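This report refers to the structure that appears directly beneath it.
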Protein chains: 2
Amino acid sequence: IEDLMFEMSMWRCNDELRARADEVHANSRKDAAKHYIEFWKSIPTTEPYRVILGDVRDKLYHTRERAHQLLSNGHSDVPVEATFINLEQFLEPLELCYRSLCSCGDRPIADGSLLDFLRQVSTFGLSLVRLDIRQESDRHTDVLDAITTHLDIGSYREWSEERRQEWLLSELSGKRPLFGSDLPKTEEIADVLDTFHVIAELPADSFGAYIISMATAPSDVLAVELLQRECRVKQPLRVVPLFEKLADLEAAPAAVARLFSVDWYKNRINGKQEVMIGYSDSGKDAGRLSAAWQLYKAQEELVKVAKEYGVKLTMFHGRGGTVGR
Amino acid sequence: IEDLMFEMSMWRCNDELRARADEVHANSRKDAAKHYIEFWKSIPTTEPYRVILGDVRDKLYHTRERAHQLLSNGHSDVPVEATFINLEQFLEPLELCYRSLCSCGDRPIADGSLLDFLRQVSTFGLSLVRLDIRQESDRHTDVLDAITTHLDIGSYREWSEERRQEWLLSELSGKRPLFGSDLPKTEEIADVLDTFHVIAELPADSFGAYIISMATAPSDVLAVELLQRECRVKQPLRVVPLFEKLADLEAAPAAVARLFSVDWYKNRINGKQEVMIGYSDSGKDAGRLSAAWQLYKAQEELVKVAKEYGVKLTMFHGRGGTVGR
């Protein structure tokens, strides 16, 4: 950010950027500001881009310090409002600099370090990569079984698919909490519940998708939607089934269609569903030719199903490095 | 405590107090300890009572500083293990000093300032008075009605007594949480719920009884027991109905008997029950003579009920200063 400040030394801007740079210079904090090496003096409004990017430097400094304390210790005293919390609170001032430079005839200047910086922000964001969470369906089934047994309502394991679907729908549409603080948990159950709590405690743009290994029924996905909602996950991450074994690739389209059949889930899915397609295990239990061909057919009929439900299906190909996977 | 330390200057003790004083002198913290005025030097084992009471002084200093910060600010850094948390963590060292003095023939000395201090602790405890909470039943009814309507199960107001008793009982014996973070609350509803949370946050020996104004049915008591358990009140305080209007005193024994008839409540009440008997409003709507006489009848038949259920009844007389109340 400092080198970007060094280049943005023009003196022409729009009235928009003019107004904003005057705003920053109003609350400019007339201080020594000796913690920086360069630009430690209050940046004059003569170079408005430097004023603005100087503020961008301030919020980067405090975001970095906060993330650093949050990581090193368990907490930070840096106010959140002093940092960049949004994926594009960061993006907004740079967008302003770009609009300004283009209006004043400096689109070439805008298409340099500022454009690289725009792209780096909109590609890496506040967290270099969005993180995916993966877990085998059986662990979620263990959780729900614990919850139904402790609620003395039956055993979710022994329940059929139909019954699991009816109960899951009633709780997903219901408004009363499920389990409580006193739910008896195993280290496995506590592992999955705590991963949901960590997902709730951390920023939403820091996570990607929740992948269910050994997924076979709609109950497996709806179980994850329920565990997310129930673990107070503010912005719940998208659920994605993983079909890797030849049996599961064969039966993937039927299961996915059965899931889209649940109107409650298709209405919350927002026209987009991602399903993963593993490549390693198919050619291990069956032939490699048979596995490849079955993968092709699987992709083909998953697309057919999604088209039949008006859902944009994007498939996540679990390809390896070696031809065998 | 400092003057008590100055007086207990004997050198004879039991093997018991000898062992304990030696324990304190092990973790004696050979330091300056200059925050005190007197006895800032490490107390020698020559005077063992001074050792033990010196530790009592340390935990008192940290108790005082902690409560002072807790009151002044919203928090304190003073460790809880450094303070007196129990009603008789405080009493244990003083009890030991008393046993010591009696064993060594110093029962006159023990029956002096140490006995005064013992009685002061065992009478005033860590918080001079236990605080009662009082609230009119209709506010609890408003809360529960909000809870049933938001849960889409009916309206607790409109429900008959029988139904309220069955529902409250099922929730008291059940293990699933009731309301959640997202329960729509009024300033009144939030007032009472927040009073329960405040009761949960504070030490149990700081509170007395939860008195219900305008109490008429067991559902009014059970509503308080439920709201307490549901607001995560670690050690729920006793519930006590307040019968002050003549109509309520006339029907009080029947109502208390109906409450004792609920086995779930009679098993948790632990053979002891407190019920309040108001004097102010009785002589206001009816005659003073009729009110007094009905009060006598009330006490008499409440005792009959308690004896009938094997419960030690203690009655709470809301007497005034003027004969009219």
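By convention here, the chains of the structure tokens are called A, B, ... in the order presented, each chain's residues are numbered starting at 1, and ligands are numbered starting at 1 in the order presented.
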Go through region 215-244 of chain A and collect every residue that DSSP, computed from the backbone, puts in strand (DSSP E); the answer should be as a ChimeraX atom specification.
-> /A:238-243
Pull out every residue of chain B sitting within 12 Å of chain A, counting only C-alpha atoms, and send them as a list in words.
-> residues 147, 148, 149, 150, 151, 152, 153, 171, 173, 174, 175, 176, 177, 178, 179, 180, 181, 182, 183, 184, 230 and 232 of chain B
If you run DSSP over the backbone, which residues in region 176-298 of chain A end up helix (DSSP H, G or I)? Put them as a VMD selection string.
-> chain A and resid 187 to 201 204 to 206 218 to 230 246 to 261 263 to 268 282 to 285 288 to 298
Skipping near chain neighbours, those fewer than 5 positions away, what residues fall within 9 Å of region 286-299 of chain A using only C-alpha atoms, listed as a list in words?
->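 Returned residues: residues 246, 249, 250, 251, 252, 253, 277, 278, 279, 281, 304, 315 and 324 of chain A.
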Distance query residue 48 (chain A) at most 10 Å, only C-alpha atoms, self and fewer than 6 positions along chain excluded, as JSON, numbers by chain = {"A": [8, 9, 10, 11, 12, 13, 14, 17, 18, 19, 20, 21, 22, 24, 25, 54, 97]}
Kindly export the residues of the current selection with N, CA and C atoms, as a PDB file, in the first residue's frame.
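See selection31.pdb below for the written result:
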```pdb
ATOM      1  N   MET A   8       0.474   7.329  -6.599  1.00  0.00           N
ATOM      2  CA  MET A   8      -0.727   8.143  -6.757  1.00  0.00           C
ATOM      3  C   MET A   8      -0.546   9.606  -6.355  1.00  0.00           C
ATOM      4  N   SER A   9       0.316  10.315  -7.074  1.00  0.00           N
ATOM      5  CA  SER A   9       0.683  11.680  -6.735  1.00  0.00           C
ATOM      6  C   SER A   9       0.035  12.708  -7.657  1.00  0.00           C
ATOM      7  N   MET A  10      -1.038  12.343  -8.344  1.00  0.00           N
ATOM      8  CA  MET A  10      -1.720  13.326  -9.164  1.00  0.00           C
ATOM      9  C   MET A  10      -2.407  14.344  -8.266  1.00  0.00           C
ATOM     10  N   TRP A  11      -2.806  15.477  -8.869  1.00  0.00           N
ATOM     11  CA  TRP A  11      -3.526  16.541  -8.172  1.00  0.00           C
ATOM     12  C   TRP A  11      -4.916  16.812  -8.733  1.00  0.00           C
ATOM     13  N   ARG A  12      -5.280  16.200  -9.863  1.00  0.00           N
ATOM     14  CA  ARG A  12      -6.633  16.247 -10.407  1.00  0.00           C
ATOM     15  C   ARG A  12      -7.441  15.055  -9.914  1.00  0.00           C
ATOM     16  N   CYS A  13      -8.680  15.304  -9.492  1.00  0.00           N
ATOM     17  CA  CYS A  13      -9.617  14.239  -9.150  1.00  0.00           C
ATOM     18  C   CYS A  13     -11.028  14.722  -9.464  1.00  0.00           C
ATOM     19  N   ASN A  14     -12.018  13.832  -9.310  1.00  0.00           N
ATOM     20  CA  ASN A  14     -13.395  14.289  -9.460  1.00  0.00           C
ATOM     21  C   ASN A  14     -13.808  15.103  -8.253  1.00  0.00           C
ATOM     22  N   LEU A  17     -14.101  12.201  -5.416  1.00  0.00           N
ATOM     23  CA  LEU A  17     -12.887  11.955  -4.654  1.00  0.00           C
ATOM     24  C   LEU A  17     -12.436  13.212  -3.920  1.00  0.00           C
ATOM     25  N   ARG A  18     -12.639  14.394  -4.513  1.00  0.00           N
ATOM     26  CA  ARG A  18     -12.337  15.637  -3.807  1.00  0.00           C
ATOM     27  C   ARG A  18     -13.062  15.696  -2.473  1.00  0.00           C
ATOM     28  N   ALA A  19     -14.377  15.485  -2.507  1.00  0.00           N
ATOM     29  CA  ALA A  19     -15.170  15.558  -1.294  1.00  0.00           C
ATOM     30  C   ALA A  19     -14.680  14.549  -0.278  1.00  0.00           C
ATOM     31  N   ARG A  20     -14.401  13.323  -0.729  1.00  0.00           N
ATOM     32  CA  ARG A  20     -13.982  12.293   0.213  1.00  0.00           C
ATOM     33  C   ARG A  20     -12.620  12.610   0.829  1.00  0.00           C
ATOM     34  N   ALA A  21     -11.652  13.046   0.018  1.00  0.00           N
ATOM     35  CA  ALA A  21     -10.336  13.393   0.554  1.00  0.00           C
ATOM     36  C   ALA A  21     -10.424  14.559   1.529  1.00  0.00           C
ATOM     37  N   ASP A  22     -11.300  15.530   1.254  1.00  0.00           N
ATOM     38  CA  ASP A  22     -11.520  16.586   2.235  1.00  0.00           C
ATOM     39  C   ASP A  22     -12.107  16.017   3.519  1.00  0.00           C
ATOM     40  N   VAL A  24     -11.568  12.932   4.766  1.00  0.00           N
ATOM     41  CA  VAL A  24     -10.498  12.281   5.514  1.00  0.00           C
ATOM     42  C   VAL A  24      -9.607  13.323   6.165  1.00  0.00           C
ATOM     43  N   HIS A  25      -9.302  14.397   5.439  1.00  0.00           N
ATOM     44  CA  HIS A  25      -8.453  15.425   6.012  1.00  0.00           C
ATOM     45  C   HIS A  25      -9.141  16.177   7.141  1.00  0.00           C
ATOM     46  N   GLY A  54      -3.774   6.866   2.014  1.00  0.00           N
ATOM     47  CA  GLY A  54      -3.237   6.921   3.358  1.00  0.00           C
ATOM     48  C   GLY A  54      -4.214   6.363   4.367  1.00  0.00           C
ATOM     49  N   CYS A  97     -10.660   5.846  -6.320  1.00  0.00           N
ATOM     50  CA  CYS A  97      -9.460   6.286  -7.024  1.00  0.00           C
ATOM     51  C   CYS A  97      -9.517   5.924  -8.506  1.00  0.00           C
TER      52      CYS A  97
END
```
Could you state the separation of CA of residue 264 (chain B) and CA of residue 245 (chain B) in Å, given to one decimal place?
->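 Value for the CA of residue 264 (chain B)-CA of residue 245 (chain B) distance: 28.3 Å.
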So which residues touch residue 80 (chain A) within 9 Å, counting only C-alpha atoms, skipping near sequence neighbours fewer than 2 positions away, as a PyMOL selection string?
-> chain A and resi 62-63+66+77-78+82-85
Which residues, written as a PyMOL selection string, have at least one atom at most 12 Å from residue 28 (chain A), with only C-alpha atoms counted and residues fewer than 4 positions away on the same chain left out?
-> chain A and resi 20-24+32-33+40-45+51-52+54-55+58
Could you check which of B:275, B:109, B:87, B:118 is closest to residue 318 (chain B), using only C-alpha atoms?
->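 Checking each of B:275, B:109, B:87, B:118 against residue 318 (chain B), counting only C-alpha atoms, the winner is B:275.
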Of the listed residues B:76, B:165, B:206, B:170, that which approaches residue 130 (chain B) most closely, counting only C-alpha atoms |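 Closest to residue 130 (chain B), using only C-alpha atoms: B:206.
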Could you work out how far CA of residue 226 (chain A) lies from CA of residue 159 (chain A), giving the answer in Å with one decimal?
->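 If I compute the distance from CA of residue 159 (chain A) to CA of residue 226 (chain A), I get 16.8 Å.
For the atom pair formed by CA of residue 157 (chain B) and CA of residue 200 (chain B), the distance is 26.6 Å, given to one decimal.
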Which residues come within 12 Å of residue 112 (chain B), counting only C-alpha atoms, excluding same-chain residues fewer than 4 positions away, as an MDAnalysis selection string?
-> chainID B and resid 4 7:8 98 101 106:108 116:119
Taking N, CA and C atoms for each residue, export the selection above as a short mmCIF file (atom, residue, chain, number, x, y, z; two decimals), in the first residue's frame.
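Writing the result to out33.cif gives the following:
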```cif
data_model
loop_
_atom_site.label_atom_id
_atom_site.label_comp_id
_atom_site.auth_asym_id
_atom_site.auth_seq_id
_atom_site.Cartn_x
_atom_site.Cartn_y
_atom_site.Cartn_z
N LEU B 4 -8.41 -8.16 65.53
CA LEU B 4 -8.45 -9.54 65.98
C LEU B 4 -7.07 -10.18 65.89
N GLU B 7 -5.03 -9.30 68.90
CA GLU B 7 -5.33 -9.95 70.18
C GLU B 7 -4.89 -11.41 70.26
N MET B 8 -5.10 -12.20 69.21
CA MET B 8 -4.80 -13.63 69.25
C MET B 8 -3.31 -13.93 69.28
N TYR B 98 -11.09 -21.42 67.01
CA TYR B 98 -11.90 -21.64 68.20
C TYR B 98 -11.63 -23.01 68.81
N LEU B 101 -8.35 -22.85 70.67
CA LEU B 101 -8.42 -22.18 71.96
C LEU B 101 -9.12 -23.03 73.01
N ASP B 106 -8.20 -22.26 76.69
CA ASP B 106 -8.47 -20.84 76.51
C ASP B 106 -9.90 -20.58 76.05
N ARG B 107 -10.86 -21.36 76.52
CA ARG B 107 -12.25 -21.10 76.17
C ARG B 107 -12.72 -19.70 76.56
N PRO B 108 -12.29 -19.09 77.67
CA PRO B 108 -12.67 -17.68 77.89
C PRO B 108 -12.21 -16.76 76.77
N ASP B 116 -17.44 -13.06 68.97
CA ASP B 116 -18.15 -11.95 68.32
C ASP B 116 -17.97 -12.02 66.81
N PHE B 117 -16.73 -12.23 66.36
CA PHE B 117 -16.44 -12.31 64.93
C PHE B 117 -17.11 -13.52 64.29
N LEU B 118 -17.05 -14.67 64.96
CA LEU B 118 -17.73 -15.87 64.48
C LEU B 118 -19.21 -15.61 64.26
N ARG B 119 -19.86 -15.01 65.26
CA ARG B 119 -21.29 -14.74 65.14
C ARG B 119 -21.55 -13.74 64.03
#
```
Would you write out, as a Markdown table, a table of all residues in region 57-174 of chain A that have an atom no more than 8 Å from an atom of region 215-225 of chain A, listing for each the closest atom pair and the distance in Å to one decimal, considering only C-alpha atoms and ordering rows by chain and rising residue number?
```
| residue | atom | partner | partner_atom | distance |
| --- | --- | --- | --- | --- |
| A:136 | CA | A:215 | CA | 7.7 |
| A:137 | CA | A:215 | CA | 6.0 |
| A:140 | CA | A:223 | CA | 6.8 |
| A:141 | CA | A:223 | CA | 7.6 |
| A:144 | CA | A:223 | CA | 7.6 |
| A:161 | CA | A:219 | CA | 6.8 |
| A:164 | CA | A:219 | CA | 6.3 |
| A:165 | CA | A:219 | CA | 5.8 |
| A:168 | CA | A:222 | CA | 6.8 |
```
